[PDB]
Every structure is written in structure tokens, then in C-alpha cells.
Amino acid sequence: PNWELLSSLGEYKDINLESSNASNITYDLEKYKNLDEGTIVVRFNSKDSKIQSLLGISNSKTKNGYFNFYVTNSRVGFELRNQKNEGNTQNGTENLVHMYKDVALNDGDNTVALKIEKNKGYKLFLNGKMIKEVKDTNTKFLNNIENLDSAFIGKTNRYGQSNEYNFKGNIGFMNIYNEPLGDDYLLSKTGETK
Ligand SMILES: CC(=O)N[C@H]1[C@H]([C@H](O)[C@H](O)CO)O[C@@](O[C@@H]2[C@@H](O)[C@H](O)O[C@H](CO)[C@@H]2O)(C(=O)O)C[C@@H]1O
Ligand SMILES: [Ca+2]
Ligand SMILES: [Ca+2]
Ligand SMILES: [Ca+2]
């Protein structure tokens with residue numbers, strides 16, 4: 001059974017992205033880069049409609065080796081991609097997971113969670129609802145991307161002129177956990193901005 005109380009692996013607060021100056025958390029990369037499962041919970045308030053990274057963990061030497069937990073004004077999701085060749089090329093790209101849900105967002109604060117349970121599947125939660133489940137008996141996550149070297153709150157650091165999905169607005173908090181938390185907890189917690 002689930003821990004009633006589990007400390008976060010990563011905890012970040014009050015991230016001002018009103019100028020899209022993304023917050024560099026590569027100092028914590030070691031704690032995430034080999035994760036096969038976990039939970040990410042984010043309270044956020046965007047001011048744009050474009051695809052924007054809540055959390056971007058990447059091999060900045062490639063265009064397409066990254067994890068991008070993102071939102072728009074009408075969608076939340078994540079992509080997980082790997083790339084075997086560095087620099088200015090599309091070569092060696094493996095598009096591993098794209099999971100998303102079209103959904104109504106609040107004008108102000110919203111709260112989203114991504115839960116990954118190793119070899120069970122992935123769940124997205126938003127504003128007190130479990131909005132999308134993808135079952136998967138052979139899951140992939142950060143451990144599957146080669147040569148990760150950057151983590152940011154508010155963008156994904158990619159090679160050259162790639163789209164970094166710069167978030168504009170503020171992120172009130174981000175908690176990352178090494179384990180998949182209970183649906184009950186995530187329904188209540190994301191439910192704070194119902
Ligand atoms: C979440 C998502 O859809 N991500 C896409 C990304 C975005 O659709 C786009 O950057 C938002 O503007 O598009 C990616 O593929 C790009 C192609 O759409 C474009 O034709 O060519 C680009 C290369 O110069 C790029 O390959 C991307 O930015 O990598 C694919 C990604 O999953
Ligand atoms: Ca907003
Ligand atoms: Ca799979
Ligand atoms: Ca870059």
C-alpha cells in the first residue's frame with residue numbers, strides 16, 4: 001500500500017516566468033535521469049496558448065532527446081523522445097511516448113499531475129480529475145533517454161534552433177516523487193484548483 005506521507009524527491013516553489021526566463025535545475029539532474037517511474041505535480045498559470053514546458057529534461061546536444069511535460073491553453077500532456085545522433089540532424093530519433101488530453105483550463109491557477117507506474121502505465125490528473133490513462137506493461141521514462149544533461153522548469157533545452165517551448169506565466173509549485181503516488185492523493189491535491 002501507498003505511503004500515507006512520502007517526502008518529495010524534488011521540491012520547487014514560486015517560479016516567476018513572466019519574462020520566460022526558465023529556471024535551471026540541472027543541479028538536481030542526477031536524481032531524475034535514471035527514473036523508470038515517479039510522480040510530478042505542478043501548480044501553474046500560463047498567459048499563452050502555445051505548447052509550453054512545465055518541466056523539460058533533455059540531452060541538450062540533440063534536437064530530440066528529451067522529456068517535456070507540457071501545457072497549452074486547452075491541452076496537457078507529455079512527450080518522451082530519444083535521439084542517438086547529436087547536432088544538426090533528425091537522424092537517430094526515437095519517438096517513444098506522446099500522451100495528451102484536450103481539456104478546459106482555468107484562467108488562473110491550474111494543478112496537474114503525471115503519474116508513472118513502472119510496467120503498469122501512465123495517468124494524467126488535472127484540477128481534481130483523472131483525465132487520461134494509458135495502460136502499458138512495458139513503460140519508458142527518463143531512464144530511456146540517452147545522455148541527459150539538462151533539467152529546466154519552464155522550457156526544454158534542445159540543440160540549436162529547436163523549439164524550447166518557453167513557458168510564460170508563473171509556476172506556483174512543482175513536486176517530483178520517486179514513486180507513483182495514490183490516485184486518491186492526486187485527485188485531492190490537484191483538486192485544490194477544481
Ligand atoms: C508537443 C509537440 O507537439 N511537440 C512537437 C513539436 C511541436 O508541435 C512544435 O515545435 C510546436 O510548435 O514539433 C516537433 O517537430 C517539429 C516539426 O513540427 C517541424 O516541422 O520541424 C521541426 C524541425 O525543424 C520540428 O521537427 C519538434 O519541435 O521537434 C515535434 C514535437 O513532437
Ligand atoms: Ca492564465
Ligand atoms: Ca511500452
Ligand atoms: Ca539549447
Side-chain angles (χ1 to χ4, degrees), residues 14-20 22-26 29 35-38 42-46 48-68 70-83 85-90 94-100 103-112 114-123 126-127 132-145 147-160 162-173 180 190 192-193:
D14 302 317
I15 301 106
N16 179 347
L17 299 160
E18 297 301 336
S19 304
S20 298
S23 167
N24 187 340
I25 56 159
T26 299
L29 181 52
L35 290 173
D36 291 318
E37 66 179 348
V42 190
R43 179 162 291 142
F44 70 91
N45 186 3
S46 186
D48 209 313
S49 62
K50 64 187 188 186
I51 285 155
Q52 290 159 81
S53 300
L54 301 180
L55 178 65
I57 298 177
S58 62
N59 176 353
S60 74
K61 305 170 294 299
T62 67
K63 300 191 160 190
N64 306 317
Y66 69 83
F67 166 74
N68 163 34
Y70 73 86
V71 306
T72 63
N73 62 337
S74 69
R75 175 176 291 193
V76 310
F78 78 93
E79 354 170 43
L80 184 80
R81 308 170 77 189
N82 182 53
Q83 191 171 8
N85 293 250
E86 305 183 335
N88 192 15
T89 183
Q90 293 297 316
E94 315 175 310
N95 299 313
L96 304 181
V97 185
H98 189 194
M99 172 183 174
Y100 64 88
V103 70
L105 286 161
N106 300 145
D107 298 332
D109 282 341
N110 293 281
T111 311
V112 71
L114 176 58
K115 163 176 171 168
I116 306 196
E117 185 160 17
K118 180 180 170 168
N119 296 334
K120 295 283 182 183
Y122 322 79
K123 283 169 158 163
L126 179 65
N127 296 333
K132 192 68 171 173
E133 179 177 12
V134 177
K135 275 172 205 294
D136 189 2
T137 58
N138 191 66
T139 53
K140 291 182 174 176
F141 189 39
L142 303 179
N143 199 25
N144 296 270
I145 305 161
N147 299 142
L148 291 169
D149 67 9
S150 320
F152 281 82
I153 299 185
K155 80 179 200 163
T156 306
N157 183 21
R158 301 174 68 182
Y159 179 85
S162 301
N163 184 1
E164 294 186 328
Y165 311 119
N166 301 285
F167 190 96
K168 185 144 189 122
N170 82 93
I171 286 170
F173 75 84
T190 64
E192 285 155 21
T193 52

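Positions are given from 1, in the same order as the sequence printed here. Start at 1 and go down the list; that is how both ligands and their atoms are numbered.
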> Between the side chains of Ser49 and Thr72, is a donor N or O closer than 3.5 angstrom to an acceptor N or O?
Replying inline: no
> Would you say the side chains of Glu79 and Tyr165 form a donor-acceptor pair under 3.5 Å?
Replying inline: yes
> To the nearest 10°, what's the angle at the Ca ion (ligand 2) between atoms O (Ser46) and O (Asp107)?
Replying inline: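 O of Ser46, the Ca ion (ligand 2) and O of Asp107 span an angle of about 170°.
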> Once rounded to 10°, what is the value of the angle centred on the Ca ion (ligand 4) between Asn157 OD1 and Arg158 O?
Replying inline: 110°
>> Taking the basic N atoms (NZ, or NE/NH1/NH2) and the acidic carboxylate oxygens, is any pair closer than 4.0 Å for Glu37 and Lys118?
In response: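 No, this pair does not count.
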>> Under 4.0 Å between a side-chain nitrogen and a carboxylate oxygen: does that hold for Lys123 and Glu117?
In response: no
>> Looking at the Ca ion (ligand 2), is there an N, O or S atom belonging to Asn45 that lies under 3.0 Å away from it?
In response: yes
>> Can you tell me if, anywhere in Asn73, an N/O/S atom lies at a distance from the Ca ion (ligand 2) that is smaller than 3.0 Å?
In response: no
Looking at residues at least two apart in the chain, or sitting in another chain, which of them share a side-chain hydrogen bond (donor to acceptor under 3.5 Å, both in side chains) with [X]?
X	result
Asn143	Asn34, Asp36
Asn59	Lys61
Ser150	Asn157

> Which residues and atoms, protein N, O or S only, are under 3.0 Å from the Ca ion (ligand 3)?
Replying inline: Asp136 OD1, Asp136 OD2, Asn138 O
> Yes or no on side chain to side chain donor-acceptor pair (under 3.5 Å) for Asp109 and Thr193, after CA distance, side-chain angles and deciding distance?
Replying inline: CA-CA 7 Å; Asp109 282 341; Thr193 52; over 6 Å; no
